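Shown next, in structure tokens, is the structure this report addresses.
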Amino acid sequence: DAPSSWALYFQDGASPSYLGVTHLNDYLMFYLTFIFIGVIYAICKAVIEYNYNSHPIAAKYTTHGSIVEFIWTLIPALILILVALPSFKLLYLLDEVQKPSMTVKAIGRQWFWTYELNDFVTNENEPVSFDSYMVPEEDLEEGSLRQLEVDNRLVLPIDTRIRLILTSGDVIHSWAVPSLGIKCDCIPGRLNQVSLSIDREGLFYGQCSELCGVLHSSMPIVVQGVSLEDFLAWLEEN
Amino acid sequence: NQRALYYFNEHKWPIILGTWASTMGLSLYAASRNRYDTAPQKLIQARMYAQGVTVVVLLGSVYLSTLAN
Amino acid sequence: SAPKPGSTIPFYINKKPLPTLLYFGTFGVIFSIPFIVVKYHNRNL
Amino acid sequence: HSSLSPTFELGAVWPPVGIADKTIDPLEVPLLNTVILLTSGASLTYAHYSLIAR
Amino acid sequence: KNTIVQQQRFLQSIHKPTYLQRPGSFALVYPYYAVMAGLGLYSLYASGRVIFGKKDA
Amino acid sequence: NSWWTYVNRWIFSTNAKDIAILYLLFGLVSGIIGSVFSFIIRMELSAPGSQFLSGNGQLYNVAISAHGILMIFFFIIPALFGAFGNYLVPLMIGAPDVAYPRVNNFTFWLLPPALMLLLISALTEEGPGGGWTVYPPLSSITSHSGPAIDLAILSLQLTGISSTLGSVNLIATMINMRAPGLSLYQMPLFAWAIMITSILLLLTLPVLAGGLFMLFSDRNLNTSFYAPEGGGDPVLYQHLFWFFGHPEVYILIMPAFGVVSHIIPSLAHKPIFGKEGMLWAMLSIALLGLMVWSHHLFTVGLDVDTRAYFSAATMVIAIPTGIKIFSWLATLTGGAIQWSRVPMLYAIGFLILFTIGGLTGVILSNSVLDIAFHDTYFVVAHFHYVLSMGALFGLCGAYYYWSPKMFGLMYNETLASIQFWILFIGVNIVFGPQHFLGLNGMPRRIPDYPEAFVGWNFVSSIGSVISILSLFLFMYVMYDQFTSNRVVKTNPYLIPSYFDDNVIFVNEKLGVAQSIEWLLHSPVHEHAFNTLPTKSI
Amino acid sequence: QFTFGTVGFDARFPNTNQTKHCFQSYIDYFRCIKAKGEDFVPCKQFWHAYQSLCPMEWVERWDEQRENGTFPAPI
Amino acid sequence: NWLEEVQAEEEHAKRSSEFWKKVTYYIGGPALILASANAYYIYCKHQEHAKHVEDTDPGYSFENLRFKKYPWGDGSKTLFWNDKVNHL
Ligand code: HEA
Ligand code: HEA
Ligand SMILES: CCCCCCCCCCCCCCCC(=O)OC[C@H](COP(=O)(O)OCCN)OC(=O)CCCCCCCCCCCCCCC
Ligand SMILES: CCCCCCCCCCCCCCCC(=O)OC[C@H](COP(=O)(O)OCCN)OC(=O)CCCCCCCCCCCCCCC
Ligand SMILES: CCCCCCCCCCCCCCCC(=O)OC[C@H](COP(=O)(O)OCCN)OC(=O)CCCCCCCCCCCCCCC
Ligand code: CUA
Ligand SMILES: [Ca+2]
Ligand SMILES: [Mg+2]
């Protein structure tokens, strides 16, 4: 959810796609560690013992592949199919759309992020909108995390799935959150449709990735889950 | 037939590409059979034939395109 | 003309005492250019 | 790329609205120029073959 | 009228490089080199003016 | 008066030998500046917060962009692709000189003005800020006001057109000047690779020329080519750029493949296993490395079917490369190995680094997997651990292997081995922690980072410092080799077999080599190949 | 007071890129209100179809362009 | 020897040259003159001008973009600027 010190794994998060991504990564790492250690040992052993002082005679008369090149073609290709298939069914699971519930808008021009929840337009005629800003270092709350907090923090209810809308009106930005594993490009002119689903009720962290000028590193993104009654109180508060 | 012409002029690009390929192949087959004709010269003659056929089919198509009742 | 190369194509004469300072100074200035480059952008600041 | 998938401010047509009627008709001076170029190529090939004929 | 053979034999008798074999070629390069040097000298000041934010007035 | 002779032998000279040395020198003077830029940028991120600077983010953007552009287009391409080809390809084909000497002379001299104008552009009030991959809206006159990035665009344009012009003569030279009895199939692997890179570069770069010119015209002619309000789609720019960027690294790394396949046999005294299979698999790689370009656009938001089509084919690249690595592994075993030789050391160290980098590359070729690593430090680790481990190692091995042929001198084996070990350790501990930094979910191109990342940056900084000492030692060893007057025989890499008498070998066995270049004297003659060598037809 | 109801599963375009949807809903709503009537129920749901997913900030510029008539649409 | 082959090649080249002269003075000329006449008819049909239109949805918001001043003249003129077909 948040970066730690001397980390080795990715993190502990909560998102239906994030668990599947971690599972696929575990399987793929299990695949590649085999080949990596095998090639390392082969390189080490073919040289450590076959130095000139111990092998003054070279079997120079073997430069034909009878049955070895065929196995070279097949076996790694078999591994390739074995890794391609799970990723393919994961992707073909993800490309579908569930039953829509509500949408959020994430338009951001330069060094600040604006969020809109215009689903609940009613007789009040007061659509809710605000802007999340980089909190200054001096005004950080005692015990806060530098470079990873905002003043007007985003609020999304838990266990409710949202069809997030990604849009921009300036140089291209990105909308990333490693815990949820959902990302897309804030490409101007065109809107990007992405989904989301939070299982727990906790504070999630993230920021943009695609450079957008001098202050590309000054728009952190924080989204935290809330219960239904807290969500309703938050909505009626404004 | 009052129906064949509708498909003949409905998709001008695919049929025009097909007839261009047919002309190219036929001209290559016919020209590349002589002695005093090098490959670049035969290719140039085939391309000239293709240009002429393209011009005439363009004029024919723009002539028949007026029937948009 | 049939000359035999002396196995010496260095683009410039080299020897021990004098040319070492010239070579090292050229290396130092071409190493330290980025310095003046980074200083230029923070001159009027 | 600019033609097959026009943007949504273009009126869903590659020929711009209001400028579509201001486009270039297929039958005008450029067609004459194309026929001139074809005849020029024919004349150049004739000249090359005659030069081959010394 | 076909003087190409005569001039060929006239010009093959010299050992000059092919870019100076034809007489009169040298007079078209020395002022050319001077003009190139002047262009370089002017472009030095032009680039120096471009990098240093300012404009003459 | 030798001054006229001096400038006629160096400036008004079109001999291939007298030009490749200048290629190496130009590469070196670009690489030093790039290495210092990399050192300063890595020292900036030693600890969190503004450090040695007044938080100047634009200055950091200028630094990263300059490092990337100058080290990708002024260090490796000109000093590897054509530097070791123009000198050596005529030797292995059986020709005395390249097809067009004047264009060969011209191509080299387009680069110095490019370097000067790039430095001038970087010395503006703002400087380029779009990075190595500049993007239209950021480059738009809205962000930058001045002659900063236009000159960078111009430098890229002219360098590309020069490289294209520096590769037209090579293909003609190695397609028409072949030796009598030298079938194109029987060509050595190195020239095969270099011709493949030449054809790929010439086929692809024009696209960059056109796209870069049309994108640059947006700043001056106010064209709507890529304006969001003008109907332009920047995804078209990304597609145009990555129809070039993806095969560029392959055409940069293929000379490393050839030089490794040349270094292994001679220092192993064993013929290369499966030449025909290797070259046909490399041809398959060359053809394959064009239809896959959208792996750099995985998180932009394209359609499902296009993503599947251009992600499934990303995996098939690995199979021929794995076959090549297995063939080299098979070649190494059985035959004799002189592991103490510096070219052998570099060749051996190349394989493990290249294969781990390839594994990292196959990690992030899936749209399901790239979303967790796109535009983070993990891709930085992958592409750096492939580029600086393959191309740099190949260049170092080629230099240490063919240096006597270029000049006719001997280097110091002890200092060279020490430099190799120091550089290997430094570059292994530089890009190591970045794997963890990108695995945590932290983006790239950020002068500031959240506090829980300091340790790995601290671990990387020391290796970054170590690399500078490696560079210093290489400079010292190069100077020593240049002024040591250590003679070299005709074929220093030929040794008597296990049953060669010390008197029979010296008098009835000299003048034999696996390749032509070792037959001639180490300082090669100006006019070699007076008569064409004729083989068995 | 409030219910969870917004744009449904648009069968016209199920892919990720759905930029044309905003313009299509806008022009369809304008055509719908031009004919039929004003107080008719059905296209009130179409009104929600270009505000829940659209930024609503381009809507201001759309109004500015359409008020003077330069808006390039059939209706 | 050389005489027979050179005679045959020159004869074939001369025959092709005569055929191409017939091509260029038999069919190309009529096509060129017909196209010229049709082009003149099209050019003379539309000599009504009236090329000054405004207030009918003017501008369209993507016409004559000015982000960097045009080098020629004041900055609002193009190289092929015309006083009858180019407006604002
Ligand atoms: C230097 C040369 C080079 C090489 C050789 C490669 C090799 C590969 N690269 Fe990489 N790549 C770059 C240079 C290179 N790359 C650069 C510069 C970038 C960044 C671009 C930028 O942003 O500017 C990049 C980025 C990049 C991305 C972009 C990720 C992102 O930013 O979102 C992707 C994604 O697909 C990718 C894929 C690959 C693949 C599949 C290979 C394959 O060729 C690797 C195949 C090799 C092997 C896999 C090892 C040997 C094989 C075997 C032992 C067989 C058995 C193996 C298995 C069955 C596991 N590369
Ligand atoms: C040609 C490929 C190449 C090479 C060799 C390098 C070399 C290095 N690069 Fe770079 N780098 C890129 C390509 C390359 N890079 C690209 C494309 C980018 C992205 C740009 C962008 O984002 O805009 C990038 C960006 C980039 C960043 C991005 C900053 C950020 O995201 O925070 C960092 C930071 O760590 C970095 C580090 C390094 C280091 C430490 C080295 C090296 O120090 C590693 C060790 C190497 C050496 C120290 C040099 C050895 C040289 C010799 C011994 C001399 C030999 C000379 C001859 C004989 C001629 N590189
Ligand atoms: C990258 C895309 C840009 C377009 C490509 C063209 C690039 C410029 C043209 C270079 C010639 C191409 C090869 C011709 C065949 C050939 O080889 O001509 C033959 C000679 C070299 O061979 P030789 O005399 O030794 O042969 C031996 C004869 N038996 O060529 C030349 O002397 C080139 C003439 C010098 C011109 C170099 C300056 C280039 C200016 C570039 C700027 C203009 C374009 C700007 C674009 C925006
Ligand atoms: C991902 C990893 C999965 C691995 C799965 C592959 C399994 C099959 C591979 C084994 C086939 C080759 C064995 C030789 C059998 C034989 O006996 O071949 C016959 C020849 C015998 O010599 P001859 O031809 O002169 O006989 C003449 C008969 N009159 O042998 C050889 O010449 C061996 C020479 C080349 C082989 C070197 C192997 C180097 C490493 C190979 C790959 C290492 C993998 C590392 C990762 C595990
Ligand atoms: C050195 C090579 C430069 C030329 C390269 C040619 C490449 C062809 C493809 C590029 C498209 C060109 C179209 C523009 C032609 C034109 O004239 O543009 C149209 C405008 C005016 O037309 P209009 O509005 O009146 O039309 C409407 C009629 N009523 O005139 C110009 O802006 C003049 C400047 C255009 C550039 C041509 C001359 C170049 C001189 C500067 C060199 C720049 C070098 C850049 C860095 C190397
Ligand atoms: Cu916002 Cu990069
Ligand atoms: Ca820092
Ligand atoms: Mg990205």
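Methodologically, a virtual Cβ is constructed for each residue, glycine included, from the backbone with ideal geometry; neighbour enumeration extends over all protein chains shown. Computed from the coordinates by the stated procedures, all read-outs in this text should not be read as laboratory data.
Out of curiosity, is residue H:79 closer than 30 Å to residue F:144 by Cα and either surrounded by 10 or more Cβ atoms within 10 Å (Cβ to Cβ) or in contact (Cβ under 8 Å) with a residue 40 or more places away in the chain (or both)? It would help to see each step written out before you state the result.
Numbers: closer than 30 Å to residue F:144 by Cα: yes; either surrounded by 10 or more Cβ atoms within 10 Å (Cβ to Cβ) or in contact (Cβ under 8 Å) with a residue 40 or more places away in the chain (or both): no.
No.
Can you give me the number of residues within the range D:28-54 that are in a loop (DSSP other than H, G, I, E, B) and crowded, with 16+ Cβ neighbours inside 10 Å?
Step one: filter the range D:28-54 for residues in a loop (DSSP other than H, G, I, E, B), giving D:28, D:53-54.
Of the ones still in play, those that are also crowded, with 16+ Cβ neighbours inside 10 Å are D:53.
The total comes to 1.
For the range F:198-232, residues that are at positive phi and within 14 Å of chain A (Cβ to nearest Cβ) total 1.
The set of residues from the range F:116-150 being within 14 Å of chain A (Cβ to nearest Cβ) and polar (S, T, N, Q) comprises F:133, F:139, F:140, F:142, F:143, F:145.
Just to verify a result, which residue in the range F:427-448, among those that are within 7 Å of chain A (Cβ to nearest Cβ), in contact (Cβ under 8 Å) with a residue 40 or more places away in the chain and assigned to a loop (DSSP other than H, G, I, E, B), is nearest to ligand 5 (Cβ to nearest atom)?
Keep residues of the range F:427-448 that are within 7 Å of chain A (Cβ to nearest Cβ), which gives F:436, F:439-443, F:445-448.
Then keep just the ones that are in contact (Cβ under 8 Å) with a residue 40 or more places away in the chain; that gives F:439, F:441-443, F:445, F:447-448.
Of the ones still in play, those that are also assigned to a loop (DSSP other than H, G, I, E, B) are F:441-442, F:445, F:447-448.
Values: F:441: 42, F:442: 39, F:445: 28, F:447: 32, F:448: 37 Å.
The qualifying residue nearest to ligand 5 (Cβ to nearest atom) is F:445.
Of the residues making up the range A:118-129, those that are surrounded by 17 or more Cβ atoms within 10 Å (Cβ to Cβ) and in contact (Cβ under 8 Å) with a residue 40 or more places away in the chain number 1. Just one of the listed residues (H:3, H:32) is at the interface with chain D (Cβ under 10 Å from one of its Cβ atoms) and in a helix (DSSP H, G or I), and it is H:32. Could you tell me which residue of the range F:232-247 is farthest from ligand 1 (Cβ to nearest atom), considering only residues that are buried (at least 19 other Cβ atoms within 10 Å of the Cβ) and without any contact (Cβ under 8 Å) to a residue 40 or more places away in the chain? If we take residues in the range F:232-247 being buried (at least 19 other Cβ atoms within 10 Å of the Cβ) and without any contact (Cβ under 8 Å) to a residue 40 or more places away in the chain, then F:233 is farthest from ligand 1 (Cβ to nearest atom). With the condition kept exactly as written, say whether any residue in the range F:104-123 is surrounded by fewer than 17 Cβ atoms within 10 Å (Cβ to Cβ), more than 16 Å from ligand 4 (Cβ to nearest atom), on the phi > 0 side of the Ramachandran plot and of a type outside the set (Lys, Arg). Looking through the range F:104-123, none of the residues is surrounded by fewer than 17 Cβ atoms within 10 Å (Cβ to Cβ), more than 16 Å from ligand 4 (Cβ to nearest atom), on the phi > 0 side of the Ramachandran plot and of a type outside the set (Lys, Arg).
All conditions but one from (1) away from ligand 8 (no atom under 16 Å from the Cβ); (2) on the phi > 0 side of the Ramachandran plot; (3) surrounded by 15 or more Cβ atoms within 10 Å (Cβ to Cβ) apply to residue F:485; the one that does not is (3).
Per-residue answers, yes or no, for (1) in a loop (DSSP other than H, G, I, E, B); (2) more than 7 Å from every other protein chain (Cβ to nearest Cβ); (3) not polar (S, T, N, Q):
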site	(1), (2), (3)
A:199	yes, yes, yes
A:205	no, yes, yes
A:209	yes, no, no
A:213	yes, no, yes
A:216	yes, no, yes
A:221	no, yes, yes
A:224	no, yes, no
A:230	no, yes, yes
A:234	no, yes, yes
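When G:30, G:40 are screened for being more than 24 Å from residue D:18 (Cβ to Cβ) and not charged (D, E, K, R), only G:40 passes. In the range A:170-197, the residues that are within 8 Å of chain F (Cβ to nearest Cβ) reach residues that are acidic (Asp, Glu) and in a strand (DSSP E or B) with C-beta atoms within less than 8 angstrom, at least six apart or across chains, in these pairs: A:172/A:185; A:174/A:185; A:192/A:185. Mind listing whichever residues of the range A:136-149 are more than 13 Å from every other protein chain (Cβ to nearest Cβ) and within 14 Å of residue A:217 (Cβ to Cβ)? Passing the criteria: none in range.
Yes/no matrix, rows are residues, columns are (1) more than 16 Å from the chain's Cα centre (by Cα); (2) at the interface with chain F (Cβ under 9 Å from one of its Cβ atoms); (3) surrounded by 13 or more Cβ atoms within 10 Å (Cβ to Cβ):
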{"position": "C:9", "(1), (2), (3)": "yes, yes, yes"}
{"position": "C:12", "(1), (2), (3)": "no, no, no"}
{"position": "C:21", "(1), (2), (3)": "no, no, no"}
{"position": "C:27", "(1), (2), (3)": "no, yes, yes"}
{"position": "C:30", "(1), (2), (3)": "no, yes, yes"}
{"position": "C:35", "(1), (2), (3)": "yes, yes, no"}
{"position": "C:44", "(1), (2), (3)": "yes, no, no"}
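Note on the range F:452-485: among residues that are touching a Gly at 6+ places or on another chain (Cβ under 9 Å) and of a type outside the set (A, V, I, L, M), the one that is farthest from residue A:29 (Cα to Cα) is F:470.
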